[PDB]
C-alpha cells in the first residue's frame, strides 16, 4: 500500500506491526541515544483494565495512539495531546466459550491500519479470539464491517494481528493444538469480501500454488506433496496454522510468512514429511498463489511451529553479490536466511551452539541433518532435547539495524523431556498427544530454574554473533533498535532494558508493573521522542502464573519451566510511555483539568 509505505517513513508514525514492510523494527530517531538513555523516564501510563498477557505493541497514527488488549480484545484510542481522555473505545461481546479452545493464553498480537481512499475512511483492523475480523472507523471507532474467519466450535481461534497490503487485509489462523488445518485469508479492506484463501496441507488446489512454484529450487519439492507426504486423510487435521508475523516486498509483491507445526504433537501418528507446515512461504499479495516454499522442519516431532518473524534486508553475500534477503530465527534453533526473490538458501546457522536436534542444515539439499539421538517417538522417552517445544525463539518480533547489518534477537534457552501418547481426534477438543517437561538450557541454572533467555547480535552472511548476553528469563516479545545506538526490549521479570548496539552492555533499565511479552515501539510527537511498551505477563510462558497451575507438566509443560517467574512479577495490563526526563503532555499540570 503506497500511503502506508509513505506514512511509515514518518517518525511520528507507527502504522503497522513491525513498523514497516521490511519489519526491521528500526527507528532513525537518535534523540534518545546511548549518551542520554540514563535519563529515560515514564512520561505517562494507561491501564487497559484487563489481566492476561499483553502482546504486540500499540499503533500511533495521526496524533492518536491505538491500544489493543487481550480477550475480550478491547480497542482504545488516545489523543497524544491529552492521553488521559479516551477518544473512543470498542468493547466486543464474545462467546466466553472461545476461552476454552485457546492453547496459550488469551493474547492478541495487534492492530493494523488502512489509510483510506476517499469513499471509505481510514480503518483500524482487528482480530478477535472468537474468530471474527472487524474493521473500525479509525476516527469514530464504529464498526464498518465484521466477518467470520475462524470457528471456535472446531477449535479455530485468532490471536494474530491483521496485515494490510495494498487494499486487502491478511488474516492468519490458530488451532493446531486442536488439529486445525491451517489457512490464511485475504479480504477486501473496503467491504470484508473474501478475495483468496490458501491452505497449508492437502490438494495443490487448496494450496494455491503458482504454476512456477519452486521452479528455482525443485528439490524443495513441488506438486502433490500436500497429500503425498501424509498417510490417508491425516492432512485434513494436519495443522500448519499461521499465527506469527508477515513481511512484504512491493518489488516482488510477495507476502513472506511461515506456517506452523503439524498435528498432533504425537510424531508417530503423522508418518511422512507433513508438507506444508513448518515452511517458509512466498505468496503473491493479490492472487495468493505461492511462488516458493521451503520446509524448515520436515516431519516435525518437537512442535517447532515455524511461524516466527520475517525481517527483510539487502546485503552482499560471501561472493560480493548484492542480495534481497529475508532472515528467519525459527523455533527449531536455526536462523534461516533466503533470497526473497526465488527462495534460495543463503545461510542457516544455529541460534545457540547448544542446539542438538540437528547436526546441521545441508545448504545444497536444503534438508536438516537429524541427530536420531534427540528425535521423539511412541513408547520412548527423549531427554535433554534442545530447543524445547517453546523453541529457542518464539512469537517475539526482533529488529535489524540496517547500518550495522546486525539482527538483535530475543532468544530462549529452554530444553525438554518428551514422550507422546495415543489419542482420538474429536473436533473441538485438544489433540496434542504428548507430555513434556521443560527446564533451563546448558548455559542456565538448571538448579534454581533461571537463565532461560538470552539476547544476541547476529550477522546473516557471516553467521557471526557480534555479542551475546544471558537473561534471567526467556526474552519472549522481541526487540527494537534505533539509530541512537540502542536496542530496547522488555523482559518477563518486568523490565524495559536498553543495551549498547555494539557491545551489548546494559546501559539502562526501568521497573515496569508486570512482565513484558510485546515489543517496544517509538515515535515523535511535537518534537519529543517517546518509547512505549505494554506490560502484562502472559502468553505460553506465563500460563502457570495466569491460570494458577502448579503441576510442572501443566500448561503443556511450560508451567515447570517458569516456576520461578512468580517471584519477580504478577499479572498486569497496560502501557508505559517513556521520554527523555519524563517530558510529556502534562508538563503543564493544567492540560486536561476540569474548567
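Residue numbers count along the first chain shown, from 1.
Peer 1: Report the stretch with the higher mean CA temperature factor, choosing between 553 to 561 and 529 to 537 on the basis of the entry.
Peer 2: Taking the mean C-alpha B-factor of 553 to 561 and of 529 to 537, the larger value falls to 553 to 561.
Peer 1: For the higher mean C-alpha B factor in the entry, choose 421 to 429 or 447 to 455.
Peer 2: It is 421 to 429.
Peer 1: Have a look at 239, 478, 203, 298 and flag the one whose Cα has the highest B-factor in the entry.
Peer 2: Highest C-alpha B-factor among the listed options: 203.
Peer 1: For the CA B factor values reported in this entry, which option in 400, 358, 519, 257 has the top one?
Peer 2: Reading the PDB entry, the winner on C-alpha B-factor is 358.
Peer 1: How does the C-alpha B factor of residue 20 compare with the rest of the chain: lowest, middle or highest third?
Peer 2: Middle third - that is where residue 20 ends up once the chain's C-alpha B-factors are sorted.
Peer 1: With respect to C-alpha B-factor, does residue 28 fall in the lowest, middle or highest third of the chain as deposited?
Peer 2: As the PDB entry reports it, the C-alpha B-factor of residue 28 lands in the highest third of its chain.
Peer 1: Would you mind checking where the Cα B-factor of residue 120 ranks among the modelled residues of its chain, as the lowest, middle or highest third?
Peer 2: Tercile = highest for this residue's CA B-factor.
Peer 1: Split into thirds by Cα B-factor across the chain's modelled residues, where does residue 493 land: lowest, middle or highest?
Peer 2: Lowest third - that is where residue 493 ends up once the chain's C-alpha B-factors are sorted.
Peer 1: Mind checking which third residue 57 falls in for C-alpha B-factor across the chain?
Peer 2: Its C-alpha B-factor, which the entry lists for residue 57, ranks in the lowest third among residues of this chain.
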